[PDB]
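Since the structure comes first, as structure tokens, the remarks are kept for the end.
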Amino acid sequence: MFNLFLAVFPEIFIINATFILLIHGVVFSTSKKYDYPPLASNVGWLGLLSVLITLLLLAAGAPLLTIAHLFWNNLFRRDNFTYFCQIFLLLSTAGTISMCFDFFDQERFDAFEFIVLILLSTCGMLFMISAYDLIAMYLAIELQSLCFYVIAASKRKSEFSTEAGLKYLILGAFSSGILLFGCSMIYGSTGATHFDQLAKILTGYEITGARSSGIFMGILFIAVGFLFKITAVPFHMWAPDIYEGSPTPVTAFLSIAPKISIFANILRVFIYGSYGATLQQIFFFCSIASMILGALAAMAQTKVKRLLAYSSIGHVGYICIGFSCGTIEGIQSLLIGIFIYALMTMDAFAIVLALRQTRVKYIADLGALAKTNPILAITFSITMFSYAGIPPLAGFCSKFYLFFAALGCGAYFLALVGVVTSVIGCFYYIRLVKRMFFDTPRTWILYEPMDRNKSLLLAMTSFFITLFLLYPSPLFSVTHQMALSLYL
Amino acid sequence: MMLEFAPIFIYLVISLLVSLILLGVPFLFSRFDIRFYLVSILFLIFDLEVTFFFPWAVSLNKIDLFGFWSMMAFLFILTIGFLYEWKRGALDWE
Amino acid sequence: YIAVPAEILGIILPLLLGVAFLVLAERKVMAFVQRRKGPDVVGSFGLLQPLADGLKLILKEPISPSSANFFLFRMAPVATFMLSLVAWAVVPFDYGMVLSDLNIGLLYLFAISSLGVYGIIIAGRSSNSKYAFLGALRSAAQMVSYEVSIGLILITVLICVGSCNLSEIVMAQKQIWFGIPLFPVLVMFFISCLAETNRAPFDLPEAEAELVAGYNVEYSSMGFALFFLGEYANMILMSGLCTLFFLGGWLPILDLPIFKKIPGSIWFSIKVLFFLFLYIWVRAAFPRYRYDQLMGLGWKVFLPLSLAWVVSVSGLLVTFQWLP
Amino acid sequence: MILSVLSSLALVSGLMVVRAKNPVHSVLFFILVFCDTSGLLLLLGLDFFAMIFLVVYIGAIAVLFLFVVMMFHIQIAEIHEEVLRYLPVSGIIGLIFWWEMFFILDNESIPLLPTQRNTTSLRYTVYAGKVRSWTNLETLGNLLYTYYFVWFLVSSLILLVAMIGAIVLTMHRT
Amino acid sequence: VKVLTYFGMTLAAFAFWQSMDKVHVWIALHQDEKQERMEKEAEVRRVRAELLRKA
Amino acid sequence: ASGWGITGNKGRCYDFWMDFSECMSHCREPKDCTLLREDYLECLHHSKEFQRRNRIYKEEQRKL
Amino acid sequence: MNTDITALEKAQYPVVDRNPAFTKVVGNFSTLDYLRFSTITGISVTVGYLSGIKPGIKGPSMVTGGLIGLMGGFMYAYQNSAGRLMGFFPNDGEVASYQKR
Amino acid sequence: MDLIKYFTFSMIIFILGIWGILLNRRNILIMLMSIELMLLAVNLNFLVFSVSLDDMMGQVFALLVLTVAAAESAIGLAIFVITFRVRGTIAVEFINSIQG
Ligand SMILES: CCCCCCCCCCCCCCCCCC(=O)OC[C@H](COP(=O)([O-])OCC(O)COP(=O)([O-])OC[C@@H](COC(=O)CCCCCCCCCCCCCCCCC)OC(=O)CCCCCCCCCCCCCCCCC)OC(=O)CCCCCCCCCCCCCCCCC
Ligand SMILES: CCCCCCCCCCCCCCCCCC(=O)OC[C@H](COP(=O)([O-])OCC(O)COP(=O)([O-])OC[C@@H](COC(=O)CCCCCCCCCCCCCCCCC)OC(=O)CCCCCCCCCCCCCCCCC)OC(=O)CCCCCCCCCCCCCCCCC
Ligand SMILES: C[C@@H]1CC[C@@]2(OC1)O[C@H]1C[C@H]3[C@@H]4CC=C5C[C@@H](OCCC(CO[C@H]6O[C@H](CO)[C@@H](O[C@H]7O[C@H](CO)[C@@H](O)[C@H](O)[C@H]7O)[C@H](O)[C@H]6O)CO[C@H]6O[C@H](CO)[C@@H](O[C@H]7O[C@H](CO)[C@@H](O)[C@H](O)[C@H]7O)[C@H](O)[C@H]6O)CC[C@]5(C)[C@H]4CC[C@]3(C)[C@H]1[C@@H]2C
Ligand SMILES: CCCCCCCCCCCCCCCCCC(=O)O[C@@H](COC(=O)CCCCCCCCCCCCCCC)COP(=O)(O)OCC[N+](C)(C)C
Ligand SMILES: CCCCCCCCCCCCCCCCCC(=O)O[C@@H](COC(=O)CCCCCCCCCCCCCCC)COP(=O)(O)OC[C@H](O)CO
Ligand SMILES: CCCCCCCCCCCCCCCCCCCC(=O)O[C@H](COC(=O)CCCCCCCCCCCCCC)COP(=O)(O)OCCN
Ligand SMILES: COC1=C(OC)C(=O)C(C/C=C(\C)CC/C=C(\C)CC/C=C(/C)CC/C=C(\C)CCC=C(C)C)=C(C)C1=O
């Protein structure tokens with residue numbers, strides 16, 4: 001009996017460690033004897049440790065995660081794809097946590113519950129990746145969402161943070177209701193919620209004239225929920241406001257991990273299921289809309305956070321082009337894009353968090369940065385050029401695939417849109433470089449140097465961004481492996 | 001069978017009529033306190049706990065040890081939450 | 001179904017009479033403890049006092065203050081009174097003596113109890129009076145707080161019985177009354193019943209002398225009477241529930257032919273009378289808690305103990321395989 | 001007919017939820033909607049869910065809403081607006097949803113037209129399933145804690161998040 | 001609202017639901033014609049596909 | 001598809017489901033399992049049964 | 001409760017025990033398992049101590065970190081030992097001990 | 001006709017929630033209430049389908065969805081409370097400062 005639970009050792013450990021940290025934090029934060037010490041950094045270090053131990057347990061036990069698969073079948077499904085997705089999710093969570101300590105001590109954000117909520121949301125996203133039934137998928141999505149709602153409003157006396165939370169909760173709850181409605185329609189039409197059963201029922205028919213309008217609209221509503229989650233246009237406008245109004249570590253965490261989890265869900269639901277061309281057309285139109293709107297709105301922005309939010313919207317458009325084309329290379333390119341975008345976003349938010357120690361808000365606040373911190377201005381410039389997709393930086397992969405699929409699926413309007421939006425993006429990315437290097441403002445802002453954690457993370461992500469294309473084989477092989485494991 | 005609910009409806013109708021008769025015969029001759037929200041939240045949580053207890057209580061003879069320990073784990077999570085509330089002063093009305 | 005209204009009236013009317021005389025019995029017992037005589041002028045031994053008080057109330061002009069919640073103000077007492085009445089549809093007085101033999105009767109009683117709070121809340125809010133509103137909020141919070149412990153004790157009984165059917169709960173006590181092994185649970189249940197019915201030592205609405213205005217202070221004539229009647233009917237119901245769950249309902253004390261001679265309804269009535277006497281006795285014996293103290297007792301004492309009893313009973317019954 | 005009555009009550013009560021000027025009144029109508037829903041559940045034979053909808057939706061959730069809305073003391077000027085200018089946008093959105101979504105089951109689940117013949121005699125009774133009938137409660141409890149226990153525990157995690165968030169966002173200890 | 005207003009709205013809603021019942025009966029009665037139209041269009045499409053495949 | 005019935009016995013449409021699943025588990029073309037699939041879906045919704053009975057009712061209303 | 005240990009991906013090494021008992025797995029702990037266990041626990045205690053200095057709770061922080069490390073290290077050692085007995089990990093020692101007793 | 005009548009009941013509840021979103025641009029509390037209405041309609045959809053299909057999966061998920069609805073309302077009302085506390089008002093013009 002005990003050995004059956006080897007399939008959930010990683011999750012058991014992280015949940016138990018989260019409980020231990022909750023108890024530790026609440027017991028000593030309330031201690032008069034110790035004079036109510038702030039425990040955000042102490043619990044943060046212990047939680048980073050817990051995340052790393054979870055990663056060790058998961059990575060080193062790859063076969064064991066598939067033990068007792070028949071017993072666990074109606075609860076979840078673990079395979080190679082989920083293996084790599086969960087490893088990447090844990091790595092992203094560890095990096096995001098490591099970027100938070102200067103924020104904890106200098107702002108004096110003393111709430112250790114922040115770390116606990118991050119860990120519980122990580123548990124939720126882990127269960128999201130392995131979900132193999134509509135019920136499990138919904139429950140894990142809701143756990144993740146509720147944790148985000150709470151942490152988005154963590155600055156509870158701030159107008160901005162409270163506004164972010166309110167908008168997030170209302171729009172999140174609305175989208176979740178729409179998705180749940182879709183799930184109910186699919187169950188009513190097919191008598192099934194398990195992904196295997198849905199695959200068997202729906203395969204071979206798609207729209208064979210006598211199409212289940214119940215099945216067709218259930219798929220549509222579920223897709224609407226998914227598109228809200230990935231911040232695809234027209235279900236996107238929550239994202240810029242929430243990203244800007246939330247505390248910056250929250251914004252960094254939301255920018256990466258939920259995308260990984262929800263894209264795992266989307267792959268395993270749609271790609272593994274079957275209504276077909278309708279849904280790929282959904283993602284096609286949403287990709288085009290996201291690219292165009294992201295480019296234009298980002299061009300309008302004068303503030304750093306909003307610029308990065310709109311940039312992420314545009315990039316999810318680029319990524320969803322891969323899902324749309326419906327090929328093994330499409331899935332592989334989507335995964336490569338997710339990985340590279342995540343690393344670049346981690347780099348960008350490490351810089352943003354470093355600059356938040358002097359309250360960076362506007363793009364113009366970067367003036368004369370090439371004088372006051374030359375190596376920081378260069379590092380940030382490499383990130384921008386990578387965001388623009390200039391070769392040989394890592395960001396060039398997403399552009400290359402966008403056009404590869406445009407000429408592979410046979411889509412020339414898509415190629416035209418890609419060209420135009422890429423040029424617009426390059427303009428608003430090099431505007432930052434111009435501000436740091438070319439401008440001569442009358443008043444300068446002198447920034448405090450970053451802590452060791454962010455400097456090390458920045459140093460590694462900056463080598464990856466510059467040098468990835470010299471040795472890109474491991475990512476290519478692992479992503480091809482994952483794309484194949486979805487069906488075999 | 002749902003047959004036994006019909007007398008309840010007729011009982012409700014009669015009780016309502018008695019209420020109207022009794023009440024109608026004499027016509028012939030800005031300070032928000034968060035602790036209420038908090039007690040509402042606690043009641044909601046333990047209301048759901050009782051809700052989940054009901055099927056478990058009637059099903060103990062069939063679920064045996066596995067069901068017992070799964071409910072115990074459920075209770076462990078909820079009781080950790082309760083300990084958190086207790087330490088934070090949510091249960092103190094002074 | 002044509003005879004169903006006759007059965008319903010045969011429940012409701014004697015219940016209203018019983019409430020009218022419960023008020024008199026409370027006055028009499030309180031007086032006798034206090035070395036005085038209660039009402040003994042209006043009728044022989046004061047037995048006509050309830051009819052006179054009810055007649056006075058119906059002959060009293062209603063006030064209906066100039067509020068903006070004219071409908072809600074009068075409907076709140078109707079709601080609480082109807083809820084007090086409808087719980088008796090599932091109460092069995094003897095084997096086969098019950099209006100609705102609900103399989104889900106225990107949860108139905110819990111639902112009715114949970115619904116009881118709305119009359120008090122709406123009366124407080126609709127009365128256009130800050131004192132009534134504050135008192136109603138405090139009373140509502142107290143009732144919801146003690147409802148948790150009531151529900152957990154219900155779960156303990158359910159674990160022992162394996163069915164939500166009240167008659168089955170009674171007949172599961174043929175071997176032994178549940179109040180013997182679960183005596184601390186019965187004490188907890190009685191105290192929680194006191195708190196849930198806003199009764200002494202938990203009667204905040206009665207604490208006008210303590211600068212705590214009750215939720216029904218703006219009510220006159222028959223709305224106030226409806227609130228009062230619902231409260232006393234709920235006291236009778238809580239006594240009946242204590243009898244059903246822990247004292248074996250209609251069962252005799254000993255399974256002997258001498259005890260089986262007297263009908264089960266009489267056994268049930270006698271146990272209910274004992275519990276009503278304890279209600280009155282407790283009101284006569286002790287002072288009252290403050291609101292904060294009783295809230296602390298609800299969340300810090302009775303909830304943990306109720307949960308612990310759930311765990312202990314279930315674990316013991318699972319271990320030795322004594323489950324129903 | 002009975003479903004017509006309950007659906008009419010639900011329709012009117014829901015319109016009152018979304019259109020009452022006073023938010024306290026909206027909460028009270030919401031409570032009427034849950035009562036009607038419970039009636040439907042009793043018609044379906046799901047007495048456990050019928051009772052739980054009263055216990056949780058009305059007994060706990062609506063009470064929370066009522067406590068919060070009552071202490072807010074909202075003035076109508078802060079939330080008033082004329083809705084006559086929304087009739088067209090609601091007309092198109094409602095109609096499209098109406099035409100698509102009230103009739104989605106019609107092609108898959110074609111109704112049996114009631115004929116002028118007693119079909120009740122064609123009801124076949126299998127007594128084998130009637131020897132030991134299961135309540136809704138015990139059928140649900142046979143599954144929640146053993147075969148689908150992981151989802152049960154994840155729901156517990158969701159409730160824990162609710163408790164933590166409620167404390168962290170609103171607590172001001174005296 | 002007035003109590004009588006709520007009652008009248010309930011009556012109007014009852015009429016609406018009975019009308020919806022009539023609509024459902026109409027939709028059910030036209031299943032056969034819709035099937036016939038679907039079959040004729042399927043035959044036309046199949047004939048066109050077979051004829052164009054001849055070239 | 002789950003097999004858990006609402007009254008504590010095997011679900012009404014579970015044997016049809018299992019026949020369809022067992023067919024699809026070895027037939028490389030889903031068109032070979034079309035008949036079993038439409039039997040499963042007929043058990044869920046009774047569409048063809050009710051359509052045929054409505055045809056009978058229609059003819060009765062036409063000949064009266 | 002019906003159980004089935006059968007994994008999706010078969011073991012690539014000889015199966016000494018398909019579903020080893022808890023105490024058998026613990027008794028199967030090797031020197032390398034104990035090294036992993038002790039290293040994880042020691043690192044966790046060190047992190048607890050160092051992160052606890054600024055709040056002033058280095059002792060209790062050491063205890064908390066040590067509890068996390070003890071649980072994680074035991075889970076990791078159990079994972080390795082059970083995987084060896086089940087044939088999922090290289091298990092030369094287990095096979096040698098099995099072919100003799 | 002039973003199943004079409006049970007489904008249109010839940011459907012009117014869902015459409016009412018949608019309309020409540022559409023008609024309440026100055027009243028975000030009612031917007032939250034409309035979202036609960038939609039969640040109730042979905043829950044009813046699962047229960048009706050469970051009976052119609054003779055399958056228990058609809059019932060398990062209905063209970064879990066009730067848990068989600070409870071947690072959602074708790075957290076949402078907390079966020080409402082803190083927004084009101086910061087601004088002293090619930091009017092929508094005081095929650096429009098993030099834009100562009
Ligand atoms: C033969 C027997 C004779 C003896 C028995 C006779 C019994 C008496 C008759 C029954 C009662 C009828 C009279 C009602 C009271 C009138 C007296 C009065 O003083 O009213 C004052 C009233 C003032 O309002 P108030 O109550 O004081 O509240 C003030 C504030 O609003 C309060 O603030 P608030 O916050 O509480 O509320 C906010 C907001 C509340 O906002 C709202 O309520 C929205 C108002 C618009 C309602 C829209 C329709 C809602 C009904 C649902 C219908 C189906 C909808 C389907 C939509 C989904 C489909 C996609 O307030 C309002 O907007 C008030 C507007 C009220 C207008 C109601 C109009 C209803 C629509 C009628 C349509 C008729 C069409 C007929 C066919 C229908 C199709 C089948 O003014 C009126 O006179 C209007 C009421 C009169 C019309 C309503 C009753 C209609 C009944 C028709 C008869 C039934 C026909 C079908 C029979 C079927 C048989 C098979
Ligand atoms: C076989 C069956 C036989 C049945 C026989 C009985 C048939 C009765 C037919 C009556 C229709 C003809 C009426 C002719 C005119 C009568 C003369 C007259 O109106 O003077 C009366 C006069 C007020 O009349 P008005 O001039 O129109 O003034 C109206 C407003 O002031 C105007 O001010 P406003 O504009 O500012 O409005 C504010 C709002 C006030 O704000 C509100 O929110 C109103 C309250 C609504 C929600 C309140 C309940 C939720 C709160 C929680 C309560 C506890 C929950 C748990 C306990 C209950 C659950 C079982 O006022 C209203 O909206 C009132 C609308 C009433 C809708 C609610 C009542 C319908 C409930 C469904 C009944 C189902 C059966 C009937 C339908 C059958 C099929 C057709 O005074 C009274 O009504 C006396 C107060 C006592 C009322 C007690 C009613 C029961 C209360 C306790 C139960 C609560 C739950 C309700 C039942 C739930 C069932 C599960
Ligand atoms: C604690 C607090 C307090 C508040 C509260 O809780 C909280 O308090 C709680 C208290 C609750 C009430 C409790 C109780 C009820 C009664 C229920 O109402 C029963 C209705 C059902 C039962 O009705 C019949 O059931 C049997 C017949 O079915 C009868 O058996 C005969 O027939 C047997 C067979 O020959 C013989 O063998 C027997 O010997 C022979 O006797 C039986 O006598 C009779 O009862 C369903 O019936 C219908 O359903 C049919 C199907 O749809 C419809 O068929 C139609 O459609 C068909 C096509 O579809 C066409 O083919 C048809 O031609 C065409 O007619 C039709 O409309 C109608 O029949 C309606 C809900 C309500 C009000 C609750 C509301 C909510 C509360 C107030 C709660 C509230 C919230
Ligand atoms: C060809 C690529 C495609 C095009 C993209 C080009 C992107 C760059 C744009 C080119 C235009 C000119 C760029 C000018 C940058 C050169 C100046 C520079 O970066 O110097 C840095 C140097 O920045 C670095 O530190 C770069 C380190 C990267 C290490 C990469 C080498 C890896 C192996 C080397 C091993 C170690 C050294 C071996 C020999 C000792 C000095 O930084 P400061 O901020 O001035 O002071 C630093 C503080 N302090 C001197 C006190 C330490
Ligand atoms: C307020 C009280 C708090 C209590 C906290 C302590 C207990 C918490 C629960 C800890 C898990 C179980 C610990 C008890 C050890 C004894 C377990 C045991 O006796 O083994 C039994 C088996 O016990 C179990 O396997 C149940 C384990 C409960 C599940 C606990 C969750 C652990 C991790 C789950 C991972 C899923 C992801 C979590 C999602 C949040 C043997 O039963 P059987 O195989 O002979 O037959 C089965 C049964 O009799 C018939 O149905
Ligand atoms: C791939 C391209 C090429 C990359 C090349 C990689 C080469 C390997 C890297 C070599 C590293 C060289 C430096 C090694 C010596 C530094 C040792 C750190 C000492 C240390 O204890 O640092 C502590 C802080 O932790 C820290 O600062 C460490 C944590 C910093 C984050 C590191 C990552 C952790 C999370 C993982 C994220 C993964 C993201 C992937 C998506 C305390 O420091 P202090 O004493 O100065 O006091 C700080 C005030 N509080
Ligand atoms: C400058 O002049 C003006 C306009 O003109 C730009 C206006 O509009 C308006 C006011 C009216 C508006 C804004 C209605 C437009 C709203 C829409 C379309 C709702 C959808 C929301 C967004 C953000 C659009 C995103 C959707 C896209 C790009 C396409 C949908 C998705 C796919 C194809 C997959 C005003 C006053 C105006 O003065």
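Ligands are numbered from 1 in the order shown, chains are lettered A, B, ... in the order of the structure tokens, and residues start at 1 in each chain.
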* Asked: Where does DSSP see helix (DSSP H, G or I) in region 32-244 of chain C, if you list the residues as a ChimeraX atom specification?
  -> /C:32-33,44-46,49-58,70-90,105-115,117-126,130-161,166-171,183-196,204-206,208-210,221-244
* Output as a list in words the set of chain H residues within 12 Å of chain E, with distances taken over only C-alpha atoms. => residues 1, 2, 3, 4, 5, 6, 8, 9 and 12 of chain H
Output of the above residues as a PDB file, in the first residue's frame, restricted to C-alpha atoms:
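File again38.pdb, as written:
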ATOM      1  CA  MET H   1     -39.728  16.647 -21.955  1.00  0.00           C
ATOM      2  CA  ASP H   2     -38.243  16.464 -18.410  1.00  0.00           C
ATOM      3  CA  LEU H   3     -34.598  16.832 -19.407  1.00  0.00           C
ATOM      4  CA  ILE H   4     -35.187  19.908 -21.676  1.00  0.00           C
ATOM      5  CA  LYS H   5     -37.222  21.565 -18.826  1.00  0.00           C
ATOM      6  CA  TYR H   6     -34.532  20.888 -16.120  1.00  0.00           C
ATOM      7  CA  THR H   8     -33.663  25.384 -19.437  1.00  0.00           C
ATOM      8  CA  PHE H   9     -34.164  26.140 -15.737  1.00  0.00           C
ATOM      9  CA  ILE H  12     -32.179  30.814 -17.374  1.00  0.00           C
TER      10      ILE H  12
END
* Residues of chain C no more than 12 Å from chain E, counting only C-alpha atoms: send them over as a list in words. => residues 69, 70, 71 and 72 of chain C
* To do: Check every residue of chain F for an atom within 6 Å of chain H, counting only C-alpha atoms, and provide those that qualify as a list in words.
  =>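 Listed by rising number, the hits are residues 4, 5, 6, 11 and 44 of chain F.
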* Let me have all residues with an atom within 6 Å of ligand 2, counting only C-alpha atoms and all ligand atoms, laid out as a PyMOL selection string. => (chain C and resi 70-72+74-75+78-79+115+118) or (chain D and resi 5+25+28-29+31-32+35) or (chain E and resi 1-4+6-7)
Writer output for current selection, N, CA and C atoms, as an mmCIF file, in the first residue's frame:
data_model
loop_
_atom_site.group_PDB
_atom_site.id
_atom_site.type_symbol
_atom_site.label_atom_id
_atom_site.label_comp_id
_atom_site.auth_asym_id
_atom_site.auth_seq_id
_atom_site.Cartn_x
_atom_site.Cartn_y
_atom_site.Cartn_z
ATOM 1 N N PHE C 70 -40.745 48.181 5.290
ATOM 2 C CA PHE C 70 -42.073 47.896 5.821
ATOM 3 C C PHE C 70 -42.428 46.414 5.689
ATOM 4 N N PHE C 71 -42.146 45.815 4.529
ATOM 5 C CA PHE C 71 -42.447 44.398 4.317
ATOM 6 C C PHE C 71 -41.536 43.499 5.152
ATOM 7 N N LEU C 72 -40.229 43.766 5.116
ATOM 8 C CA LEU C 72 -39.263 42.918 5.808
ATOM 9 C C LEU C 72 -39.492 42.935 7.313
ATOM 10 N N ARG C 74 -42.247 43.210 9.072
ATOM 11 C CA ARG C 74 -43.260 42.263 9.516
ATOM 12 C C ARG C 74 -42.963 40.829 9.108
ATOM 13 N N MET C 75 -42.184 40.600 8.047
ATOM 14 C CA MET C 75 -41.989 39.214 7.636
ATOM 15 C C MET C 75 -40.957 38.480 8.485
ATOM 16 N N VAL C 78 -42.512 36.245 11.081
ATOM 17 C CA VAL C 78 -43.176 35.152 10.378
ATOM 18 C C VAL C 78 -42.167 34.080 9.997
ATOM 19 N N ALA C 79 -41.009 34.496 9.481
ATOM 20 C CA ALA C 79 -39.981 33.540 9.088
ATOM 21 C C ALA C 79 -39.509 32.717 10.280
ATOM 22 N N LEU C 115 -31.159 27.907 8.993
ATOM 23 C CA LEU C 115 -32.064 28.932 8.483
ATOM 24 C C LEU C 115 -32.569 29.866 9.571
ATOM 25 N N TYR C 118 -31.932 34.026 10.000
ATOM 26 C CA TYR C 118 -32.334 35.101 9.101
ATOM 27 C C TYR C 118 -33.417 35.976 9.711
ATOM 28 N N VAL D 5 -43.796 26.148 -12.673
ATOM 29 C CA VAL D 5 -43.954 27.014 -11.504
ATOM 30 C C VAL D 5 -42.597 27.345 -10.891
ATOM 31 N N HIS D 25 -31.610 43.678 -0.488
ATOM 32 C CA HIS D 25 -32.744 43.024 -1.191
ATOM 33 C C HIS D 25 -32.213 41.975 -2.206
ATOM 34 N N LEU D 28 -31.360 38.798 -0.411
ATOM 35 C CA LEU D 28 -32.608 38.072 -0.010
ATOM 36 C C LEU D 28 -33.262 37.339 -1.191
ATOM 37 N N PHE D 29 -33.286 37.996 -2.343
ATOM 38 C CA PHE D 29 -33.844 37.312 -3.522
ATOM 39 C C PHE D 29 -32.943 36.121 -3.886
ATOM 40 N N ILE D 31 -31.403 34.273 -2.007
ATOM 41 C CA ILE D 31 -31.835 33.187 -1.108
ATOM 42 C C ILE D 31 -33.092 32.510 -1.654
ATOM 43 N N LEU D 32 -34.026 33.294 -2.198
ATOM 44 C CA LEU D 32 -35.202 32.649 -2.844
ATOM 45 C C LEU D 32 -34.803 31.746 -4.022
ATOM 46 N N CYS D 35 -33.649 28.473 -2.690
ATOM 47 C CA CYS D 35 -34.778 27.653 -2.252
ATOM 48 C C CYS D 35 -35.441 26.944 -3.433
ATOM 49 N N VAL E 1 -40.058 45.466 -4.904
ATOM 50 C CA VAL E 1 -41.288 45.625 -5.662
ATOM 51 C C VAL E 1 -42.496 45.392 -4.771
ATOM 52 N N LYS E 2 -43.668 45.769 -5.272
ATOM 53 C CA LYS E 2 -44.916 45.424 -4.617
ATOM 54 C C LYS E 2 -45.094 43.906 -4.647
ATOM 55 N N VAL E 3 -45.803 43.378 -3.648
ATOM 56 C CA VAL E 3 -46.069 41.941 -3.625
ATOM 57 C C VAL E 3 -46.883 41.535 -4.846
ATOM 58 N N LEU E 4 -47.901 42.331 -5.181
ATOM 59 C CA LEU E 4 -48.700 42.060 -6.368
ATOM 60 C C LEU E 4 -47.861 42.141 -7.635
ATOM 61 N N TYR E 6 -44.666 41.270 -7.855
ATOM 62 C CA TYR E 6 -43.933 40.010 -7.914
ATOM 63 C C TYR E 6 -44.836 38.880 -8.391
ATOM 64 N N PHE E 7 -46.075 38.839 -7.893
ATOM 65 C CA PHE E 7 -47.016 37.804 -8.316
ATOM 66 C C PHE E 7 -47.330 37.906 -9.807
#
* To do: Rank D:160, D:168, D:79, D:71 by their smallest atom-to-atom distance to chain H, using only C-alpha atoms, and report the top residue only.
  =>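 Between D:160, D:168, D:79, D:71, the residue approaching chain H most closely is D:79.
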Within 8 Å of chain D, which residues of chain B come that close, and what is the closest atom pair and distance in Å for each? Count only C-alpha atoms and give it as a Markdown table.
| residue | atom | partner | partner_atom | distance |
| --- | --- | --- | --- | --- |
| B:1 | CA | D:45 | CA | 7.2 |
| B:2 | CA | D:45 | CA | 6.3 |
| B:30 | CA | D:73 | CA | 6.1 |
| B:31 | CA | D:71 | CA | 6.9 |
| B:32 | CA | D:71 | CA | 5.4 |
| B:33 | CA | D:71 | CA | 7.7 |
| B:34 | CA | D:170 | CA | 7.0 |
| B:36 | CA | D:67 | CA | 7.1 |
| B:37 | CA | D:68 | CA | 6.5 |
| B:38 | CA | D:166 | CA | 7.3 |
| B:40 | CA | D:64 | CA | 5.4 |
| B:41 | CA | D:64 | CA | 7.2 |
| B:42 | CA | D:163 | CA | 7.6 |
| B:43 | CA | D:60 | CA | 6.8 |
| B:44 | CA | D:60 | CA | 5.2 |
| B:45 | CA | D:159 | CA | 6.9 |
| B:47 | CA | D:56 | CA | 6.7 |
| B:48 | CA | D:56 | CA | 7.0 |
| B:51 | CA | D:52 | CA | 7.0 |
| B:54 | CA | D:137 | CA | 7.7 |
| B:55 | CA | D:141 | CA | 4.4 |
| B:56 | CA | D:141 | CA | 5.5 |
| B:58 | CA | D:138 | CA | 6.2 |
| B:59 | CA | D:141 | CA | 5.4 |
| B:62 | CA | D:142 | CA | 6.9 |
| B:63 | CA | D:142 | CA | 6.6 |
| B:66 | CA | D:146 | CA | 6.3 |
| B:67 | CA | D:145 | CA | 4.9 |
| B:68 | CA | D:145 | CA | 8.0 |
| B:70 | CA | D:145 | CA | 6.0 |
| B:71 | CA | D:145 | CA | 6.8 |
| B:73 | CA | D:153 | CA | 7.5 |
| B:74 | CA | D:153 | CA | 5.7 |
| B:77 | CA | D:156 | CA | 6.6 |
| B:78 | CA | D:160 | CA | 6.2 |
| B:81 | CA | D:160 | CA | 5.6 |
| B:84 | CA | D:164 | CA | 7.7 |
| B:85 | CA | D:167 | CA | 7.2 |
| B:88 | CA | D:167 | CA | 7.8 |
| B:89 | CA | D:173 | CA | 6.7 |
| B:90 | CA | D:167 | CA | 7.6 |
| B:94 | CA | D:174 | CA | 7.8 |
